[PDB]
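Data block below; observations after.
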Amino acid sequence: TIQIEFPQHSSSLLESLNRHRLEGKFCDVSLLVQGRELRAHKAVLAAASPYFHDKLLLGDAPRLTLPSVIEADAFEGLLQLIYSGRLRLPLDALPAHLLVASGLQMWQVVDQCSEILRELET
Amino acid sequence: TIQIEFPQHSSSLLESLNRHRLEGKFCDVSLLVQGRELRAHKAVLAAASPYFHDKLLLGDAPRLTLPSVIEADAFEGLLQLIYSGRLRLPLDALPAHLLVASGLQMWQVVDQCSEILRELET
Amino acid sequence: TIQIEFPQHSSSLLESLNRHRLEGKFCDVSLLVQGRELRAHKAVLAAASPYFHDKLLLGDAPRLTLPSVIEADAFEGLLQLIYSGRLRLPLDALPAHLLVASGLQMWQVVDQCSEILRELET
Amino acid sequence: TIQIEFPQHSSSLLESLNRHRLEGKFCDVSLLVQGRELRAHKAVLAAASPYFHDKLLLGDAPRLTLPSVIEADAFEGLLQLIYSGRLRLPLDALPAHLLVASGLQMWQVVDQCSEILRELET
Amino acid sequence: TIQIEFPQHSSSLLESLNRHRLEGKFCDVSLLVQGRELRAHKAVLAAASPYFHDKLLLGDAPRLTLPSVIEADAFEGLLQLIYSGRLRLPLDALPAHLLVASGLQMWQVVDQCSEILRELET
Amino acid sequence: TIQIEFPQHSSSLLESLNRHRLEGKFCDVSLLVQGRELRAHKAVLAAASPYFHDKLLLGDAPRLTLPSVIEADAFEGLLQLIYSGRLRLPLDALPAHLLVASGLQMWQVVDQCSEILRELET
Amino acid sequence: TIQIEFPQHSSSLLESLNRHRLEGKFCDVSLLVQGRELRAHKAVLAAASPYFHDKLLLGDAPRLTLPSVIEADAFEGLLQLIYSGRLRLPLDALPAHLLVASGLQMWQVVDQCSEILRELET
Amino acid sequence: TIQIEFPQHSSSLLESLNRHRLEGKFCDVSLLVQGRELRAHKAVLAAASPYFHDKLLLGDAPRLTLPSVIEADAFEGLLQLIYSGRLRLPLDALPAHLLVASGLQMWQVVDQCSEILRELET
Amino acid sequence: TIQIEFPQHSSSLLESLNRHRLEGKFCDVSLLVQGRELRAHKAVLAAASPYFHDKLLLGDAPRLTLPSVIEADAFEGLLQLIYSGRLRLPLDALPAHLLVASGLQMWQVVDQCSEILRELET
Amino acid sequence: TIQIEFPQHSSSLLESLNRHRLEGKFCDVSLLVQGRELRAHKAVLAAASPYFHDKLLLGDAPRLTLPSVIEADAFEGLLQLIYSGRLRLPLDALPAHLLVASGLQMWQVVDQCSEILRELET
Amino acid sequence: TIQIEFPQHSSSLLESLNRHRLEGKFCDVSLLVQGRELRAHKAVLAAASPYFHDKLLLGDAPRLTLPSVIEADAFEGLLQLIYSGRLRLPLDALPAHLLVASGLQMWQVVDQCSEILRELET
Amino acid sequence: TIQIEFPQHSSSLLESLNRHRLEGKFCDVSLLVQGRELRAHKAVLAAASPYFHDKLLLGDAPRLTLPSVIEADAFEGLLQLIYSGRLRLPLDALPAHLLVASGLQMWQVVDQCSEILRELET
Amino acid sequence: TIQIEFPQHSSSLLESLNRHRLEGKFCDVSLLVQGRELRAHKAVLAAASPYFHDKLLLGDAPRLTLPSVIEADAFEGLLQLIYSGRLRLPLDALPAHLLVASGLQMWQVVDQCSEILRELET
Amino acid sequence: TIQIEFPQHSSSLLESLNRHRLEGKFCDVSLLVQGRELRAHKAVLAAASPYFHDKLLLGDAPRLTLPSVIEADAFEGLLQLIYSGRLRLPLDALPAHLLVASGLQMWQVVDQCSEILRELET
C-alpha cells in the first residue's frame, strides 16, 4: 500500500481558485456590500465561513446582500484572505476588518488579530 | 372595532422571562463558556440572535459549548443585555464585549459600541 | 458605563415569533380546541397565560386538549392577541372571548373588556 | 503591515469539503460511472481537474455520465484522493487508477505513479 | 431516386490529407512537444479528439505547447495513428502511448490498450 | 502486434463535421451562389473537390462567389452529397445537377449520372 | 496622340495559331484522350480554359492523360471551337460535347448550349 | 448545325495574356535589349511577328539578346502593341518605333506609320 | 612557314561575281519584286542576308516572290550594295531602302543608315 | 550623295562562308580526291578558280571526281587557302601543293611559291 | 567482211600537220607568249589541251595572249611535244616546263614528269 | 636525257575527234553530197586527203558541194574511215566506195580495195 | 553580123595535137609511170583534167612522177583517149583504166565506164 | 572492145581553154600587136596556126612582136575566133580580118571569107 502527499497541492489549488474568481470564472453568487457587487463561488464560502455556511444551507439565492454595517473594503480584504491565506491592511483598518471577521465566525483569525492588538497596546 | 395597545406589555413580559431564566425555571439549554455554565431558554436565544437561531435550527442540543475564544464575562454581560436590553461594564472591557457581540450578529449593538469606542478615541 | 435601549426590539421580536408560529417553526405544543388543532410554543404560552404556566409546570405534554366548553373562535382570537397584541372580533362575540380570557387569567384584558361591555350597556 | 499564515487551514478546509461530499450536503452534480451514482460539487472538481474544468465550462449539466471505460471503483478512489490528497490501493489496481488519473490530467500524480511503477520494475 | 456510396472515399480522403500534412500543406497549427515542433490541421484534430476540440473552442492559437509530461515519441506515434488509423510501437512504450491517449480522451483506444496490456501480463 | 480498424469511424467523423457545418460551427468559408450565402469548411471542400481544391490553393478568400450559371438548388444538392454521400432530387432536375457536378470535377458521380440518364432514355 | 486598331488582328493571329496546330508546329504538350494522342500548345490551352490554366500552373508535364470519361471526338470538336470560335456538330452529339465543355469550364458556351437544347425542346 | 460567335472572346483572351505577361506567369522567354531584361511568351511573339517565328524556328534559346541598335523603350511599346493592338508614344519617338517595327516585319503597322508620318509632314 | 596575303583578293572576287550576275551567268535564283524579275545567286544572298540564309534552309525554290510591300528600286539598290559594298541613292529614298534593309537583317548597314538619318535630323 | 565602305566586310563574309563549309552548310558540290570526298559550294569554286569556273559552266554535276594524281592533302591546303587566303604546310610538301595550284590556275600563288623556292635555292 | 588498219596512218598525219605548222601553213590561231608570237591550228589545240579547248569553245579569237607567267621557251618546247609526242630539254628547265603543262592540263605528261623528278631526287 | 612516247595517244585523239564531230562540236565545214548536208572539220579533211588539201588552198568556203556523181553513202563510209581508220560496207558497194576513194586520192586505200577485189575475182 | 561554125575544127586540131605529141613536138613535160617515160604537153593535160590543172598550178616541174599504183599501159590508154576522144582496150583492162580515169577526175568517162561494167555484170 | 565518143568534149575543152586564157592562167607567151599586149599559150597558137607553129618551133621567145601592119583589133578578133570558133565583126572590117587570117595561113577561113565577100559583091 502506498500513501502520496503533495504539500503544495492545496496552495496551488487556492491560487488557481482565486485567479478564476478574479477572472469571474464559474462564480455562482453575487455579493452586494454597500453597493459593491462581488462575484464568488458558494461552496468555497460555505466551507470557509460558518456564517456563509449556514447562509447557503438555508437560502439558495444567486445574490446575497450583506448587512449595511459590513464595510465593502473590509469585506474585500477578508475575501482576499479567504482566497489566499494572506491579509495586508493599514493599521487603522484593523478594527473594522476584525469586526467583520468576527461576524464571519473565523475564530482562529479573530484569536490572532486580538493577540496582535494586545501586543500593540503593550 | 376596538383597538387596545399595551406599551409596557412587552417590557413586562421580557422582565417575567428574565426572572424565570434567573431562577432556572423552564430553561432548556445550557451554555458552556470557558468552563462556566449558564442556563437559558432556546426560544428566546434563537429569536434574539440570528447566530443562535440558525445554530438551533441546525442542532437541537440541550448543551452548547461556545468557542474557547468567547470570554465568559463578556458573554454573560451580553446575555443579561439580551434578556434586559441593558449593558453595564467597565470602559476597558468595551472591546471584548464588542468582539462577542459581532460574533452574535447584533449589528445595532455593534454599531453603537463602535461609535462609542470612536468617541472615546477622540 | 453605557446604556443602550432599543424600544422596538421587543415588538420586532414578537412579530418574528408570531411569523414562526404560523410558519410552524420550533412549535413544541399542539392545542386541541373542539377538535381543531392549533400549533404554538410552550414557553410563550406559559409566559403569557398563568393558567398555561401552571399547566406546563405540572404537565409536560406535547398536546393539550382544552375543555369542550371553550369555543374555538374565542381561542384563536386570544391566541392572535397573545402572539400579536391585537384582537379583532365582532361585537356579539365579545362575551365568549371574555369568558375564555378569564380562563386564561388575563385580568388586564378581562378588565378592559368588561369596561367596554359596560360602556356598551351605558 | 502584518502577515498571518495558517498552514493547517487548507487541510481543514479540504477535510470539511470531503465530509460534505460524504454527507451529500451542497452537492450539485451527479456522476454516473458504470451504473454507480456519485454526488459531488462542480466547483471543487473544476478547480482540481483541468478535464473537469473544461467539461463543466462547456456543459452545465447536473448529471454527467462518464465514458464506460472509466471504472467506478477507480473513479471513487481517485475522488477520495481529490478530497484527501491521499491514495491507498492494491498494487494490481495501480494501472487502472493510473489510467483514470491520466484521463483526469493529474500530471504530478501521473509522474509520481510512473516513478513508483518504475521502482517496482527495478 | 438514387443513392451512391463510396466505401473507400473516406480512406482515400484521410490518406491524401495525411500526405498533405507530411507535405506540410495547409497545416494551420504548430504543436510544441518537449521542444519538437509538429504541424497539423486544426479541423481534423478538433473533430477527432474532444480534448483538442475543447482546447480550440477555448483558444485559437496558431501554436499550442503541450504539457512537458507528454513524451514526444508517444505523441508522434499517436499523431500517426490519428492521421492513419494505425499505430506501430515497441512493446515497452505501450504504457506511455496509452498515457498520452488518455490525456487526449481516446477512450476506445485506451480500452483496447488496457486489454492488450492485461493479456500480456498473463 | 495489434491491428485496429473502425469501419464506421471515418463516416462518424464526417457526420460530426457535417453537423458542425449545419449549425454553423467552425465554418471558415462563405460561398455565394446566385446571391445565396452558404457556410462551409475550407479543408473539407478542398479535400473533396479538386476544382475547389485548386481554387482554395490559389486564393485564400473567406468568401468565394461562384459563377451565376451555377444553380443554387443544384449546388445545395451537391453540397449535401459532398457532406453525406447521398443525393435526393426530382427527375427533371437531373441535368442541372449533372452540369454542376462536371464543374466540381466529381467524375464518379458524373459517370453514374450519365449512365442513369442513358437508362432513362431507354 | 494616335490610336491604331486592327479588328481582324486577333482573328488572323488565331488563324496562324491553328495553322501551326494542323502542321504540328511549336506544340509543347501532348494530350491522351481515349488512346488518341493530340498535340497542342500549353499557353493557349491555359489562357483559354481555366481548368487547363490551373492544371498547367500545377503540373508542367509534356504529356497529360485526360479522364477516360472524356470522349475523344467531343474533345476534338471542342478543341476546334477553342481554336476557331466555331462549332459544327451533329444534333445527337450536342450533349457529349456540352458535357466536355463543362469539364473545360466554358461557361458562356455551356449557357448557349443549354439555351439551344431548350429551344429544340420547345 | 449551329454556329456561335463571341466577338469579344479574342480581345478578352489577349487581355488575359498581356496581364499574365505583366505578372510573369507562364512566360517562357527572356529578351535582353540594351542590357534591359524583359520576360515574354514565345508563342505569342512568334505568332505576331514573322521575325519572331523565324528566330524561334532557328534557335530554341530561353533567352534572346537583340541587337544593341534596338532601343529598349520602343521595344516595350511594340510589345504592348503586340499584346494589345494599341500603341501610344511621343511624337518625336515615332521614327525609332517605326524602325523597330520594320525589324519585326509588321507590314500593316509599317504602312500605317508611314501614312501617319506623311500626314504629319503635310 | 610562309604567309601570303592578297588584300584585294576579296574585292576582285566580288567584282567578278557582280559582273557575272549582271551578265546573268551562273545565276540560280529569280527574285520577283512588284512584278520585276531580278536574277541573282542564292549563295551570295544567303551569305549576305540572314533572312536569305533562313529562307533557303527552309525552301529551295528557283524563284522567290517577295512581299508586295518591298519596293523593286530599293531592293535593286540594296543588291548593288550587297555586290559592291557601296550604296548611292537619293536622300528621299533612304527610308524605303532602310525599310528593305531591315527585312534583310543587315544590321551594320541599318546602324549606319540610322546614324546618317539622325545626323540629317540634327 | 553618300558612299559607304566596309574594309572588313569581305573578310567577315569569307569567314562566314568557310565556317558554313566546315559546317557542311549549303555545299552544293562534292569533290572526290584520291578517294576522299570533300563538300564545297559551286559558286565559290567557280569564282575562285578559272578551271572550276569553266568546269561548272560546262558541267553542272553535284559530284566531280578529279584525276587521282591530285593529292588529297595538297587539295585540302589549297581549299583552306581559297576559303581563308592562308596556307600553312611543311617545306617538303611545297612542290606538290605548287603543282595543284597550277592546275587550278592560281597564278599569283604560283608566282609567289616559285619565288619562295628561288629564295630557298639562294 | 574486211577490216583495214593503218598503224602509221596517225603518225603520218601528225608529222604532216607538224610540218604544216612549221611552214606556217593553215595555222589559224596566233599565240602571244611573253612577246613571242607563235602560229598554230585551233582544231589540234582544242583536241589536245582542255584549257585551249574551253578557251575556244567560249572565245573564237584568232589571237590568244597567254598569261605573262607562261614562259615562251617552255611553251615552244611543249608545242613541239604537242606536235611530235617528244620533248628534249635541259634538266634545270624541268620544273618550268612541268608548270606550263599543268596549266594546259596535259595530265599524262605532267605526271610522267613528276615521276621523273621523283626519280632524280632519289 | 629521257624520251616519252604514248602509242595510243594518236588513236585516243582520233576517237575523241570523231566523237566531237558526231556531237557537231567545232565542226567548221559542211559537205553537200546529193542533197545530204554533213558537218565535219575542215582541218581533218584537208590533212587526210591531198585533194582536200588542194581544195582548201583554192577555196575557203564554209560549205562545199561535191559533184553529183559522188554517192552520199559511199562518202559516209569514207568519212567514217577517215575519222576511224575502219570501213564497214556491203560487198556490192565496194566499187562505188572505191570510186569515191579515187576521187579523194586515197591511193593506199585504193590499193587495198583493188587487192581485195582481185582476191574476190580469184 | 555573121556567124561561122566549124564542127570538125576541134577534131582536126586535136589530131594535130596528138600527132605533135607522137612526134615529141612542143612537149614540155615528162611523165614517169612505173619507170616508163612519156612526153606530153602541160597545157593539154591541165585543160583536160582538173586534177592536172591543180597539180600544175601547184608545181611547175618539167618532170612529174606519178604514184607507183598508176599503171603505165592504163595511163597511156587514157592519154591517147585524152588526145583522141576514143578508147579501145581489152575487156579485162576496163577496171584499171576506170581506176586511172577516176584518179584523173574524168566523171563523164567514169559514168560511162561504170555503166558499161554494170551492163557486163547484167 | 568498146569505143566511147564525147561530141561536146572538144567544145567544153575549148571553152575552158578560152576562159583560162582570159584569166591569164598558164599563159606562157605575150603577143605585142601595135602596142597592145595580149597573153596566150604558145601550144594553142602553134597547133592552130601554121604561122605560129613555125614562129615557135624556130623561136622559143616568151614575147612575140607581130609585124606593125597587123592591126591589134583584127588580131584580137581572130584570137577570139581561135579560142571560140566564132567571129563577130562589122561588115567594113571584113577585109582587114581576112588579111590577118592570110598571115596566119587559115585557108579554110580565107575561103569562107572570100565566099562571103563574093556573095556581098553579087
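In this document, chain identifiers A, B, C, D, E, F, G, H, I, J, K, L, M and N correspond to the written order of the chains, with residue numbering beginning at 1 in each.
Basically, a residue touches a chain if its C-beta (ideal position, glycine included) is under 8 Å from a C-beta of that chain, and two chains touch if they have at least 3 such contacts.
**Q** Between I-J and A-B, which chain pair shares more contacting C-beta pairs?
**A** I-J
**Q** Which one of the chains is farthest from chain D, going by Cα centres?
**A** If we average the C-alpha coordinates per chain, N ends up farthest from chain D.
**Q** Among the chain pairs I-J, A-D or F-G, which one reproduces the interface of H-I, with more than half of its contact pairs identical by residue number?
**A** Having compared contact pairs by residue number, the answer is F-G.
**Q** Between chain E and chain F, what is the gap in Å from one C-alpha centre to the other?
**A** So the centroids are 26 Å from each other.
**Q** What whole-number Å value describes the gap between the mean CA coordinates of chain A and chain H?
**A** 86
**Q** Rounded to a whole Å, what is the gap between the Cα centroids of chain C and chain D?
**A** 57
**Q** Could you give the separation in Å between the centres of chain G and chain N, each centre being the mean of its C-alpha atoms?
**A** Chain centres of chain G and chain N, defined by C-alpha means, are spaced 120 Å apart.
**Q** Just say which it is for the chain contacts: an open line, a closed ring, a star, complete, or other.
**A** line
**Q** With touch defined as at the top, which chains are paired up in contact here?
**A** Listed by label, chains in contact pair as A-B, A-D, B-C, D-E, E-F, F-G, G-H, H-I, I-J, J-K, K-L, L-M, M-N.
**Q** How about chain G: which of its residues touch chain F in the complex?
**A** It is residues 54, 57-58, 67, 69, 99, 102-103, 105, 107, 110-111, 114 of chain G that touch chain F.
**Q** Tell me, which parts of chain F touch chain E in their complex?
**A** By the definition above, chain F touches chain E via 1-6, 9-11, 13-14, 16-17, 20, 26, 41, 43-44, 46-48, 81, 85-89, 108-109, 112, 116.
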